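Novice: Contents of structure18.txt (compact mmCIF, N, CA and C atoms) are below:
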# COMPACT_ATOMS: atom_id res chain seq x y z
N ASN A 2 -6.58 -10.41 14.47
CA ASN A 2 -6.25 -10.52 15.88
C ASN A 2 -4.84 -11.05 16.11
N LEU A 3 -4.36 -11.87 15.17
CA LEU A 3 -3.03 -12.45 15.27
C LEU A 3 -1.96 -11.58 14.62
N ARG A 4 -2.33 -10.90 13.54
CA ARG A 4 -1.37 -10.05 12.83
C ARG A 4 -1.88 -8.65 12.51
N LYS A 5 -0.93 -7.73 12.35
CA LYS A 5 -1.19 -6.34 12.02
C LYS A 5 -1.00 -6.12 10.53
N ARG A 6 -1.40 -4.93 10.07
CA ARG A 6 -1.24 -4.60 8.66
C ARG A 6 0.22 -4.68 8.24
N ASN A 7 1.13 -4.25 9.10
CA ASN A 7 2.54 -4.28 8.74
C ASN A 7 3.13 -5.68 8.76
N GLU A 8 2.46 -6.64 9.39
CA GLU A 8 2.91 -8.02 9.33
C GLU A 8 2.32 -8.75 8.14
N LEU A 9 1.06 -8.47 7.80
CA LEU A 9 0.46 -9.10 6.64
C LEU A 9 1.07 -8.57 5.36
N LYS A 10 1.37 -7.27 5.31
CA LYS A 10 1.99 -6.71 4.12
C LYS A 10 3.35 -7.31 3.84
N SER A 11 3.92 -8.01 4.82
CA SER A 11 5.25 -8.60 4.67
C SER A 11 5.26 -9.92 3.93
N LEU A 12 4.10 -10.51 3.65
CA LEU A 12 4.03 -11.80 2.97
C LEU A 12 3.77 -11.68 1.48
N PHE A 13 3.25 -10.54 1.05
CA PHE A 13 2.89 -10.37 -0.35
C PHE A 13 3.82 -9.41 -1.09
N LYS A 14 4.77 -10.00 -1.81
CA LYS A 14 5.76 -9.26 -2.58
C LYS A 14 5.88 -9.87 -3.97
N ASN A 15 6.35 -9.08 -4.93
CA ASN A 15 6.51 -9.55 -6.30
C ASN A 15 7.49 -10.71 -6.39
N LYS A 16 8.57 -10.63 -5.61
CA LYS A 16 9.60 -11.67 -5.62
C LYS A 16 9.37 -12.74 -4.54
N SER A 17 8.13 -12.88 -4.09
CA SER A 17 7.81 -13.88 -3.08
C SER A 17 6.87 -14.94 -3.65
N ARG A 18 7.05 -16.18 -3.21
CA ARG A 18 6.21 -17.28 -3.67
C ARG A 18 5.16 -17.55 -2.61
N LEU A 19 3.91 -17.42 -2.99
CA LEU A 19 2.79 -17.56 -2.06
C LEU A 19 2.32 -18.99 -1.81
N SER A 20 1.44 -19.14 -0.81
CA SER A 20 0.92 -20.46 -0.46
C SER A 20 -0.38 -20.42 0.32
N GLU A 21 -0.89 -21.60 0.68
CA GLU A 21 -2.13 -21.71 1.43
C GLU A 21 -2.08 -21.01 2.79
N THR A 22 -0.94 -21.12 3.47
CA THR A 22 -0.75 -20.52 4.80
C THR A 22 -1.04 -19.02 4.88
N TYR A 23 -0.40 -18.24 4.01
CA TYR A 23 -0.57 -16.80 3.92
C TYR A 23 -2.05 -16.44 3.92
N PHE A 24 -2.86 -17.18 3.17
CA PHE A 24 -4.28 -16.90 3.14
C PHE A 24 -4.96 -17.32 4.43
N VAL A 25 -4.49 -18.38 5.09
CA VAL A 25 -5.05 -18.70 6.41
C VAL A 25 -4.84 -17.54 7.37
N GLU A 26 -3.64 -16.98 7.39
CA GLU A 26 -3.36 -15.86 8.27
C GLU A 26 -4.12 -14.62 7.84
N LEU A 27 -4.37 -14.47 6.54
CA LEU A 27 -5.14 -13.32 6.06
C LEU A 27 -6.60 -13.42 6.49
N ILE A 28 -7.18 -14.61 6.40
CA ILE A 28 -8.59 -14.79 6.74
C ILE A 28 -8.80 -14.71 8.25
N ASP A 29 -7.88 -15.28 9.03
CA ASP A 29 -8.05 -15.27 10.48
C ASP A 29 -7.87 -13.88 11.07
N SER A 30 -7.11 -13.01 10.42
CA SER A 30 -6.69 -11.76 11.02
C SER A 30 -7.62 -10.59 10.73
N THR A 31 -8.57 -10.74 9.81
CA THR A 31 -9.54 -9.71 9.48
C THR A 31 -10.90 -10.07 10.09
N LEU A 32 -11.88 -9.19 9.93
CA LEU A 32 -13.16 -9.38 10.61
C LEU A 32 -14.18 -10.02 9.68
N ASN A 33 -14.70 -11.18 10.10
CA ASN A 33 -15.61 -12.00 9.31
C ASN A 33 -17.03 -11.67 9.76
N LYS A 34 -17.73 -10.85 8.97
CA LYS A 34 -18.99 -10.33 9.45
C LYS A 34 -20.05 -11.40 9.61
N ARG A 35 -19.83 -12.61 9.11
CA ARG A 35 -20.80 -13.66 9.37
C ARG A 35 -20.52 -14.37 10.68
N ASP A 36 -19.26 -14.68 10.96
CA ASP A 36 -18.89 -15.53 12.08
C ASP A 36 -18.73 -14.78 13.38
N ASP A 37 -18.47 -13.48 13.33
CA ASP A 37 -18.38 -12.66 14.52
C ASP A 37 -19.62 -11.82 14.76
N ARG A 38 -20.63 -11.95 13.92
CA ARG A 38 -21.92 -11.29 14.11
C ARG A 38 -21.77 -9.77 14.21
N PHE A 39 -21.47 -9.14 13.09
CA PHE A 39 -21.49 -7.68 13.04
C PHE A 39 -21.55 -7.25 11.58
N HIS A 40 -22.58 -6.52 11.21
CA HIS A 40 -22.82 -6.23 9.80
C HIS A 40 -22.74 -4.75 9.46
N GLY A 41 -22.41 -3.88 10.42
CA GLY A 41 -22.32 -2.46 10.13
C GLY A 41 -23.65 -1.75 10.04
N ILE A 42 -23.95 -1.14 8.90
CA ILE A 42 -25.14 -0.32 8.72
C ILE A 42 -26.25 -1.15 8.08
N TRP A 43 -27.49 -0.93 8.53
CA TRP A 43 -28.64 -1.67 8.02
C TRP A 43 -28.88 -1.37 6.55
N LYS A 44 -29.16 -2.42 5.78
CA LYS A 44 -29.51 -2.26 4.38
C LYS A 44 -30.68 -3.17 4.07
N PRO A 45 -31.64 -2.71 3.29
CA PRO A 45 -32.72 -3.59 2.85
C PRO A 45 -32.27 -4.44 1.68
N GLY A 46 -32.80 -5.66 1.63
CA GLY A 46 -32.40 -6.65 0.66
C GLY A 46 -31.46 -7.72 1.17
N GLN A 47 -31.04 -7.64 2.42
CA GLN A 47 -30.16 -8.63 3.01
C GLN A 47 -30.98 -9.74 3.67
N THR A 48 -30.27 -10.74 4.17
CA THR A 48 -30.85 -11.77 5.02
C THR A 48 -30.05 -11.82 6.30
N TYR A 49 -30.72 -11.90 7.44
CA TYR A 49 -30.06 -11.89 8.74
C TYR A 49 -30.41 -13.16 9.51
N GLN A 50 -29.58 -13.47 10.50
CA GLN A 50 -29.79 -14.62 11.36
C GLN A 50 -29.79 -14.19 12.81
N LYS A 51 -30.33 -15.07 13.65
CA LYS A 51 -30.46 -14.81 15.08
C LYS A 51 -29.12 -14.41 15.70
N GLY A 52 -29.09 -13.23 16.32
CA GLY A 52 -27.90 -12.75 16.99
C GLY A 52 -27.15 -11.66 16.26
N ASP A 53 -27.54 -11.32 15.04
CA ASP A 53 -26.83 -10.30 14.27
C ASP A 53 -26.91 -8.96 14.98
N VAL A 54 -25.90 -8.13 14.80
CA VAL A 54 -25.87 -6.78 15.35
C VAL A 54 -25.77 -5.80 14.20
N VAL A 55 -26.56 -4.74 14.24
CA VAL A 55 -26.64 -3.78 13.15
C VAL A 55 -26.78 -2.38 13.72
N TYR A 56 -26.12 -1.41 13.10
CA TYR A 56 -26.26 -0.02 13.50
C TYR A 56 -27.32 0.67 12.65
N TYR A 57 -28.40 1.10 13.29
CA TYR A 57 -29.32 2.03 12.65
C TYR A 57 -29.29 3.30 13.47
N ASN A 58 -30.14 4.27 13.12
CA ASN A 58 -29.91 5.64 13.55
C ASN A 58 -29.59 5.72 15.04
N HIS A 59 -28.35 6.09 15.34
CA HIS A 59 -27.89 6.38 16.70
C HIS A 59 -28.13 5.23 17.67
N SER A 60 -28.16 4.00 17.18
CA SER A 60 -28.33 2.86 18.08
C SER A 60 -27.85 1.58 17.41
N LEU A 61 -27.42 0.64 18.25
CA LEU A 61 -27.08 -0.70 17.82
C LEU A 61 -28.22 -1.64 18.21
N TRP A 62 -28.56 -2.54 17.31
CA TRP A 62 -29.72 -3.39 17.45
C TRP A 62 -29.33 -4.84 17.25
N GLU A 63 -29.85 -5.72 18.09
CA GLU A 63 -29.67 -7.15 17.94
C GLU A 63 -30.98 -7.79 17.52
N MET A 64 -30.91 -8.74 16.58
CA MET A 64 -32.11 -9.39 16.09
C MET A 64 -32.54 -10.51 17.03
N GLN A 65 -33.84 -10.57 17.33
CA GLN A 65 -34.40 -11.52 18.28
C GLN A 65 -34.96 -12.78 17.63
N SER A 66 -35.61 -12.66 16.47
CA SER A 66 -36.26 -13.81 15.86
C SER A 66 -35.24 -14.89 15.52
N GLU A 67 -35.63 -16.14 15.75
CA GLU A 67 -34.72 -17.27 15.61
C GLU A 67 -34.59 -17.78 14.18
N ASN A 68 -35.52 -17.45 13.30
CA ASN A 68 -35.44 -17.87 11.91
C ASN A 68 -34.94 -16.72 11.05
N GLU A 69 -34.35 -17.06 9.92
CA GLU A 69 -33.84 -16.04 9.01
C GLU A 69 -34.97 -15.13 8.54
N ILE A 70 -34.63 -13.87 8.30
CA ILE A 70 -35.58 -12.90 7.80
C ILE A 70 -34.97 -12.17 6.62
N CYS A 71 -35.83 -11.69 5.74
CA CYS A 71 -35.42 -10.80 4.66
C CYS A 71 -35.68 -9.36 5.10
N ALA A 72 -34.66 -8.53 5.03
CA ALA A 72 -34.76 -7.13 5.42
C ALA A 72 -35.66 -6.42 4.42
N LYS A 73 -36.89 -6.14 4.83
CA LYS A 73 -37.85 -5.50 3.95
C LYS A 73 -37.69 -3.99 3.95
N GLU A 74 -38.02 -3.37 2.81
CA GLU A 74 -37.84 -1.94 2.64
C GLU A 74 -38.58 -1.14 3.71
N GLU A 75 -39.82 -1.50 4.00
CA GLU A 75 -40.65 -0.73 4.91
C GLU A 75 -40.72 -1.33 6.30
N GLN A 76 -39.88 -2.31 6.60
CA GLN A 76 -39.64 -2.76 7.97
C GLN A 76 -38.25 -2.31 8.35
N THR A 77 -38.15 -1.48 9.37
CA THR A 77 -36.89 -0.88 9.74
C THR A 77 -36.70 -1.04 11.24
N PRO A 78 -35.47 -1.22 11.70
CA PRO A 78 -35.25 -1.42 13.14
C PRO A 78 -35.86 -0.30 13.97
N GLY A 79 -36.89 -0.64 14.74
CA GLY A 79 -37.62 0.33 15.53
C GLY A 79 -39.09 0.24 15.21
N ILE A 80 -39.39 -0.03 13.94
CA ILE A 80 -40.77 -0.23 13.52
C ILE A 80 -41.21 -1.66 13.82
N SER A 81 -40.41 -2.63 13.39
CA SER A 81 -40.77 -4.02 13.53
C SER A 81 -40.44 -4.52 14.93
N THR A 82 -40.85 -5.75 15.20
CA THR A 82 -40.62 -6.40 16.49
C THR A 82 -39.57 -7.50 16.40
N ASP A 83 -38.77 -7.49 15.34
CA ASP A 83 -37.64 -8.40 15.25
C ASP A 83 -36.46 -7.88 16.06
N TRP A 84 -36.13 -6.61 15.90
CA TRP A 84 -34.94 -6.04 16.47
C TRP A 84 -35.18 -5.58 17.91
N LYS A 85 -34.10 -5.18 18.56
CA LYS A 85 -34.15 -4.74 19.94
C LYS A 85 -32.95 -3.83 20.19
N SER A 86 -33.04 -3.02 21.24
CA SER A 86 -31.96 -2.12 21.62
C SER A 86 -32.22 -1.63 23.04
N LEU A 87 -31.14 -1.33 23.76
CA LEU A 87 -31.25 -0.80 25.11
C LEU A 87 -31.19 0.71 25.17
N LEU A 88 -30.45 1.34 24.25
CA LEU A 88 -30.37 2.79 24.22
C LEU A 88 -31.72 3.43 23.93
N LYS A 89 -32.72 2.66 23.52
CA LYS A 89 -34.07 3.18 23.36
C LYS A 89 -34.95 2.92 24.57
N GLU A 90 -34.85 1.74 25.18
CA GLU A 90 -35.58 1.47 26.41
C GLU A 90 -35.16 2.44 27.50
N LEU A 91 -33.85 2.55 27.72
CA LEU A 91 -33.34 3.45 28.74
C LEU A 91 -33.67 4.89 28.41
N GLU A 92 -33.59 5.26 27.13
CA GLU A 92 -33.97 6.61 26.72
C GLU A 92 -35.39 6.93 27.14
N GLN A 93 -36.33 6.05 26.80
CA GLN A 93 -37.73 6.31 27.15
C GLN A 93 -37.94 6.33 28.65
N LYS A 94 -37.27 5.43 29.38
CA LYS A 94 -37.43 5.40 30.83
C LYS A 94 -36.94 6.70 31.47
N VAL A 95 -35.79 7.19 31.03
CA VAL A 95 -35.25 8.44 31.58
C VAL A 95 -36.12 9.62 31.15
N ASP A 96 -36.66 9.58 29.93
CA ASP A 96 -37.63 10.60 29.53
C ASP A 96 -38.83 10.61 30.46
N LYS A 97 -39.32 9.42 30.83
CA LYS A 97 -40.44 9.34 31.75
C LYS A 97 -40.10 9.96 33.09
N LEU A 98 -38.93 9.63 33.63
CA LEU A 98 -38.51 10.17 34.92
C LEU A 98 -38.39 11.69 34.85
N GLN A 99 -37.87 12.18 33.73
CA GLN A 99 -37.69 13.61 33.51
C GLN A 99 -39.04 14.31 33.50
N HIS A 100 -40.02 13.70 32.83
CA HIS A 100 -41.36 14.28 32.76
C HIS A 100 -42.05 14.23 34.12
N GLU A 101 -41.82 13.18 34.89
CA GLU A 101 -42.42 13.05 36.21
C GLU A 101 -41.71 13.95 37.22
N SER B 1183 43.55 -59.62 -12.23
CA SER B 1183 43.48 -58.25 -12.70
C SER B 1183 44.03 -57.28 -11.67
N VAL B 1184 44.73 -56.26 -12.15
CA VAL B 1184 45.26 -55.19 -11.31
C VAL B 1184 45.03 -53.87 -12.03
N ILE B 1185 44.61 -52.86 -11.29
CA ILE B 1185 44.17 -51.60 -11.87
C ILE B 1185 45.34 -50.62 -11.91
N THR B 1186 45.54 -50.00 -13.07
CA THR B 1186 46.55 -48.96 -13.24
C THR B 1186 45.98 -47.79 -14.03
N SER B 1187 46.83 -46.88 -14.47
CA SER B 1187 46.39 -45.66 -15.13
C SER B 1187 46.57 -45.75 -16.65
N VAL B 1188 46.04 -44.74 -17.32
CA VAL B 1188 46.13 -44.63 -18.77
C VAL B 1188 47.26 -43.64 -19.07
N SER B 1189 48.09 -43.96 -20.06
CA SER B 1189 49.21 -43.11 -20.40
C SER B 1189 49.36 -42.99 -21.91
N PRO B 1190 49.73 -41.81 -22.41
CA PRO B 1190 49.85 -41.62 -23.86
C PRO B 1190 51.05 -42.32 -24.49
N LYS B 1191 51.94 -42.93 -23.71
CA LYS B 1191 53.05 -43.67 -24.28
C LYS B 1191 52.98 -45.17 -24.05
N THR B 1192 52.07 -45.65 -23.21
CA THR B 1192 51.74 -47.07 -23.14
C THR B 1192 50.46 -47.41 -23.89
N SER B 1193 49.53 -46.47 -23.95
CA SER B 1193 48.39 -46.53 -24.86
C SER B 1193 48.38 -45.18 -25.55
N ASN B 1194 47.32 -44.88 -26.29
CA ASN B 1194 47.18 -43.55 -26.88
C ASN B 1194 45.96 -42.83 -26.32
N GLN B 1195 45.84 -42.85 -25.00
CA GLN B 1195 44.74 -42.19 -24.30
C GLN B 1195 45.27 -41.44 -23.07
N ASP B 1196 44.59 -40.36 -22.70
CA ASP B 1196 44.98 -39.55 -21.56
C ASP B 1196 43.73 -39.19 -20.78
N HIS B 1197 43.92 -38.47 -19.68
CA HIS B 1197 42.79 -37.95 -18.91
C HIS B 1197 42.32 -36.63 -19.51
N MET B 1198 41.01 -36.49 -19.65
CA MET B 1198 40.42 -35.37 -20.37
C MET B 1198 39.89 -34.34 -19.37
N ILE B 1199 40.51 -33.17 -19.35
CA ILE B 1199 40.18 -32.10 -18.41
C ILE B 1199 39.93 -30.83 -19.21
N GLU B 1200 38.77 -30.22 -19.00
CA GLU B 1200 38.47 -28.94 -19.63
C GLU B 1200 37.94 -27.97 -18.59
N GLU B 1201 37.85 -26.71 -18.99
CA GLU B 1201 37.51 -25.61 -18.10
C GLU B 1201 36.00 -25.39 -18.04
N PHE B 1202 35.50 -25.10 -16.85
CA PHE B 1202 34.09 -24.81 -16.66
C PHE B 1202 33.86 -23.30 -16.75
N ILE B 1203 32.83 -22.91 -17.50
CA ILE B 1203 32.53 -21.51 -17.78
C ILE B 1203 31.13 -21.22 -17.26
N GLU B 1204 31.00 -20.17 -16.45
CA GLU B 1204 29.74 -19.91 -15.76
C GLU B 1204 28.64 -19.46 -16.71
N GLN B 1205 28.95 -18.54 -17.62
CA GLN B 1205 27.90 -17.95 -18.45
C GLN B 1205 27.34 -18.91 -19.48
N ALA B 1206 28.04 -20.02 -19.76
CA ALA B 1206 27.60 -20.99 -20.75
C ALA B 1206 26.89 -22.18 -20.12
N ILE B 1207 26.38 -22.03 -18.90
CA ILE B 1207 25.77 -23.13 -18.17
C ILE B 1207 24.34 -23.35 -18.64
N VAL B 1208 23.95 -24.62 -18.74
CA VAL B 1208 22.56 -25.00 -18.96
C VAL B 1208 22.13 -25.95 -17.85
N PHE B 1209 20.98 -25.68 -17.26
CA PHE B 1209 20.45 -26.50 -16.18
C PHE B 1209 19.56 -27.60 -16.74
N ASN B 1210 19.57 -28.75 -16.07
CA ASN B 1210 18.72 -29.88 -16.44
C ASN B 1210 17.89 -30.24 -15.21
N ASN B 1211 16.78 -29.53 -15.04
CA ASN B 1211 15.97 -29.67 -13.84
C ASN B 1211 14.58 -29.12 -14.13
N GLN B 1212 13.60 -30.00 -14.31
CA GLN B 1212 12.25 -29.57 -14.64
C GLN B 1212 11.34 -29.36 -13.43
N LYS B 1213 10.57 -28.28 -13.47
CA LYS B 1213 9.64 -27.97 -12.39
C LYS B 1213 8.56 -29.05 -12.30
N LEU B 1214 8.20 -29.41 -11.07
CA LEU B 1214 7.18 -30.44 -10.90
C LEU B 1214 5.79 -29.93 -11.22
N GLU B 1215 5.54 -28.64 -11.01
CA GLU B 1215 4.23 -28.06 -11.28
C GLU B 1215 4.44 -26.65 -11.80
N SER B 1216 3.37 -26.07 -12.35
CA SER B 1216 3.46 -24.71 -12.87
C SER B 1216 2.07 -24.09 -12.92
N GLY B 1217 2.03 -22.77 -12.70
CA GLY B 1217 0.82 -21.99 -12.84
C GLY B 1217 -0.19 -22.14 -11.73
N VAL B 1218 0.11 -22.90 -10.69
CA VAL B 1218 -0.84 -23.15 -9.61
C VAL B 1218 -0.30 -22.51 -8.33
N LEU B 1219 -1.17 -22.43 -7.33
CA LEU B 1219 -0.79 -21.83 -6.06
C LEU B 1219 0.24 -22.69 -5.34
N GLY B 1220 1.25 -22.03 -4.77
CA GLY B 1220 2.30 -22.70 -4.05
C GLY B 1220 3.57 -22.93 -4.84
N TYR B 1221 3.55 -22.67 -6.15
CA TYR B 1221 4.66 -22.99 -7.02
C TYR B 1221 5.18 -21.81 -7.83
N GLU B 1222 4.56 -20.64 -7.72
CA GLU B 1222 4.95 -19.50 -8.53
C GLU B 1222 5.06 -18.25 -7.66
N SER B 1223 5.85 -17.30 -8.15
CA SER B 1223 5.94 -15.99 -7.54
C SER B 1223 4.61 -15.26 -7.67
N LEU B 1224 4.41 -14.27 -6.82
CA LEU B 1224 3.18 -13.49 -6.88
C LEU B 1224 3.04 -12.73 -8.19
N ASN B 1225 4.19 -12.35 -8.83
CA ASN B 1225 4.15 -11.64 -10.09
C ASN B 1225 3.65 -12.48 -11.25
N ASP B 1226 3.56 -13.80 -11.10
CA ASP B 1226 3.30 -14.70 -12.22
C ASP B 1226 1.95 -15.40 -12.12
N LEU B 1227 1.11 -15.02 -11.17
CA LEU B 1227 -0.22 -15.61 -11.03
C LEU B 1227 -1.19 -14.80 -11.88
N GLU B 1228 -1.67 -15.41 -12.97
CA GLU B 1228 -2.42 -14.69 -13.99
C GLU B 1228 -3.91 -14.60 -13.71
N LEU B 1229 -4.41 -15.22 -12.65
CA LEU B 1229 -5.83 -15.17 -12.29
C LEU B 1229 -6.70 -15.71 -13.41
N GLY B 1230 -6.41 -16.94 -13.83
CA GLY B 1230 -7.17 -17.58 -14.88
C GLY B 1230 -8.62 -17.82 -14.51
Could you express the structure from this file as structure tokens?
Specialist:
Amino acid sequence: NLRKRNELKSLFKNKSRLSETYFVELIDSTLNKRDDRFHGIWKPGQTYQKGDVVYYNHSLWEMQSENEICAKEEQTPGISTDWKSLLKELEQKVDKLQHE
Amino acid sequence: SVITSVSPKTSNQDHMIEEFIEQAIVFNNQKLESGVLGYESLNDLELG
């Protein structure tokens, strides 16, 4: 958020002497999937915490349960009652209206 | 006491002046640290 690729690339050179600072700017400027709550694509074998956001088929899902969970192979966002999404609630509601 | 100069005809001593040569220089200055972060170029960090 503070620096671009062309600014970070300017600190790491063969003839340059590095330090603690450069790494502070490197860590602050990239995306920390734990602290900003975004994990990309769902994978089994992970552990998640309350508030995580995950992309599963054609939808983004936020986890509701307040305690940590282990992503089980046969529990998938949509089957279990941990996750949630609006693109599915609204989808079903509009399907209902369409049918009516 | 009174201070004066040295002369080769009142004593047998003179002022000693020689030429400085760049390529024959040796430095006397030791690094405070080595091999750690903050003290070396990026090319020299061996990832121990």
Novice: Considering only C-alpha atoms, extract the chain A residues located within 12 Å of chain B and return them as a PyMOL selection string.
Specialist: chain A and resi 12-24
Novice: Could you tell me, as a PDB file with N, CA and C atoms, in the coordinates of the input, which residues of range 21-73 of chain A DSSP assigns to helix (DSSP H, G or I) when given the backbone?
Specialist:
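Generated file (part.pdb):
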ATOM      1  N   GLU A  21      -0.890 -21.600   0.680  1.00  0.00           N
ATOM      2  CA  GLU A  21      -2.130 -21.710   1.430  1.00  0.00           C
ATOM      3  C   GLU A  21      -2.080 -21.010   2.790  1.00  0.00           C
ATOM      4  N   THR A  22      -0.940 -21.120   3.470  1.00  0.00           N
ATOM      5  CA  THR A  22      -0.750 -20.520   4.800  1.00  0.00           C
ATOM      6  C   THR A  22      -1.040 -19.020   4.880  1.00  0.00           C
ATOM      7  N   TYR A  23      -0.400 -18.240   4.010  1.00  0.00           N
ATOM      8  CA  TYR A  23      -0.570 -16.800   3.920  1.00  0.00           C
ATOM      9  C   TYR A  23      -2.050 -16.440   3.920  1.00  0.00           C
ATOM     10  N   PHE A  24      -2.860 -17.180   3.170  1.00  0.00           N
ATOM     11  CA  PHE A  24      -4.280 -16.900   3.140  1.00  0.00           C
ATOM     12  C   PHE A  24      -4.960 -17.320   4.430  1.00  0.00           C
ATOM     13  N   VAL A  25      -4.490 -18.380   5.090  1.00  0.00           N
ATOM     14  CA  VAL A  25      -5.050 -18.700   6.410  1.00  0.00           C
ATOM     15  C   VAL A  25      -4.840 -17.540   7.370  1.00  0.00           C
ATOM     16  N   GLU A  26      -3.640 -16.980   7.390  1.00  0.00           N
ATOM     17  CA  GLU A  26      -3.360 -15.860   8.270  1.00  0.00           C
ATOM     18  C   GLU A  26      -4.120 -14.620   7.840  1.00  0.00           C
ATOM     19  N   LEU A  27      -4.370 -14.470   6.540  1.00  0.00           N
ATOM     20  CA  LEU A  27      -5.140 -13.320   6.060  1.00  0.00           C
ATOM     21  C   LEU A  27      -6.600 -13.420   6.490  1.00  0.00           C
ATOM     22  N   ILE A  28      -7.180 -14.610   6.400  1.00  0.00           N
ATOM     23  CA  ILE A  28      -8.590 -14.790   6.740  1.00  0.00           C
ATOM     24  C   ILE A  28      -8.800 -14.710   8.250  1.00  0.00           C
ATOM     25  N   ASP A  29      -7.880 -15.280   9.030  1.00  0.00           N
ATOM     26  CA  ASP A  29      -8.050 -15.270  10.480  1.00  0.00           C
ATOM     27  C   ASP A  29      -7.870 -13.880  11.070  1.00  0.00           C
ATOM     28  N   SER A  30      -7.110 -13.010  10.420  1.00  0.00           N
ATOM     29  CA  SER A  30      -6.690 -11.760  11.020  1.00  0.00           C
ATOM     30  C   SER A  30      -7.620 -10.590  10.730  1.00  0.00           C
TER      31      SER A  30
END
Novice: With 3 Å on each side, where is the centre of the axis-aligned box around all listed atoms of range 1226-1229 of chain B, and how long are its edges in Å to one decimal, as AutoDock Vina command-line options?
Specialist:
--center_x -1.6 --center_y -14.8 --center_z -12.5 --size_x 16.3 --size_y 7.9 --size_z 9.0
Novice: Kindly give the distance, in Å, that separates CA of residue 1197 in chain B and CA of residue 1185 in chain B, rounded to a single decimal.
Specialist: 15.4 Å
Novice: What is the distance between atom C of residue 2 in chain A and atom C of residue 49 in chain A, in Å to one decimal?
Specialist: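 Atom C of residue 49 in chain A lies 26.5 Å from atom C of residue 2 in chain A.
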Novice: To one decimal in Å, tell me the separation between atom C of residue 47 in chain A and CA of residue 68 in chain A.
Specialist: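 Separation of atom C of residue 47 in chain A and CA of residue 68 in chain A: 12.4 Å.
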Novice: Env of residue 53 in chain A: 8 Å cut, atoms = all atoms listed in the file, seq-sep filter 6 positions within chain, self excluded. Answer as a list in words.
Specialist: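 What passes the distance filter is residues 37, 38, 39, 40, 62, 63, 64 and 65 of chain A.
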Novice: Limited to N, CA and C atoms, could you put the picked residues into a file as a PDB file, in the coordinates of the input?
Specialist:
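Dumped everything to out.pdb:
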ATOM      1  N   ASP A  37     -18.470 -13.480  13.330  1.00  0.00           N
ATOM      2  CA  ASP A  37     -18.380 -12.660  14.520  1.00  0.00           C
ATOM      3  C   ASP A  37     -19.620 -11.820  14.760  1.00  0.00           C
ATOM      4  N   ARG A  38     -20.630 -11.950  13.920  1.00  0.00           N
ATOM      5  CA  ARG A  38     -21.920 -11.290  14.110  1.00  0.00           C
ATOM      6  C   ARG A  38     -21.770  -9.770  14.210  1.00  0.00           C
ATOM      7  N   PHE A  39     -21.470  -9.140  13.090  1.00  0.00           N
ATOM      8  CA  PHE A  39     -21.490  -7.680  13.040  1.00  0.00           C
ATOM      9  C   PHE A  39     -21.550  -7.250  11.580  1.00  0.00           C
ATOM     10  N   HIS A  40     -22.580  -6.520  11.210  1.00  0.00           N
ATOM     11  CA  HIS A  40     -22.820  -6.230   9.800  1.00  0.00           C
ATOM     12  C   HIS A  40     -22.740  -4.750   9.460  1.00  0.00           C
ATOM     13  N   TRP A  62     -28.560  -2.540  17.310  1.00  0.00           N
ATOM     14  CA  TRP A  62     -29.720  -3.390  17.450  1.00  0.00           C
ATOM     15  C   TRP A  62     -29.330  -4.840  17.250  1.00  0.00           C
ATOM     16  N   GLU A  63     -29.850  -5.720  18.090  1.00  0.00           N
ATOM     17  CA  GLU A  63     -29.670  -7.150  17.940  1.00  0.00           C
ATOM     18  C   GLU A  63     -30.980  -7.790  17.520  1.00  0.00           C
ATOM     19  N   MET A  64     -30.910  -8.740  16.580  1.00  0.00           N
ATOM     20  CA  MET A  64     -32.110  -9.390  16.090  1.00  0.00           C
ATOM     21  C   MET A  64     -32.540 -10.510  17.030  1.00  0.00           C
ATOM     22  N   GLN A  65     -33.840 -10.570  17.330  1.00  0.00           N
ATOM     23  CA  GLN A  65     -34.400 -11.520  18.280  1.00  0.00           C
ATOM     24  C   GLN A  65     -34.960 -12.780  17.630  1.00  0.00           C
TER      25      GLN A  65
END
Novice: Please write C-alpha atoms of range 37-50 of chain A, from the structure given just now, as a short mmCIF file (atom, residue, chain, number, x, y, z; two decimals), in the first residue's frame.
Specialist:
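So the final result, stored in decode34.cif, reads:
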data_model
loop_
_atom_site.label_atom_id
_atom_site.label_comp_id
_atom_site.auth_asym_id
_atom_site.auth_seq_id
_atom_site.Cartn_x
_atom_site.Cartn_y
_atom_site.Cartn_z
CA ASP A 37 -6.07 -8.80 6.27
CA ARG A 38 -8.33 -11.88 6.23
CA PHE A 39 -8.15 -13.22 2.69
CA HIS A 40 -6.95 -16.70 1.76
CA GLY A 41 -7.80 -17.08 -1.94
CA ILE A 42 -9.05 -20.53 -2.97
CA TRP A 43 -10.40 -23.08 -0.47
CA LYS A 44 -8.11 -25.99 0.34
CA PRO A 45 -8.66 -28.92 2.70
CA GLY A 46 -6.09 -29.40 5.43
CA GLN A 47 -5.94 -25.75 6.52
CA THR A 48 -7.09 -24.09 9.72
CA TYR A 49 -9.31 -21.00 9.60
CA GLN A 50 -10.41 -18.36 12.09
#
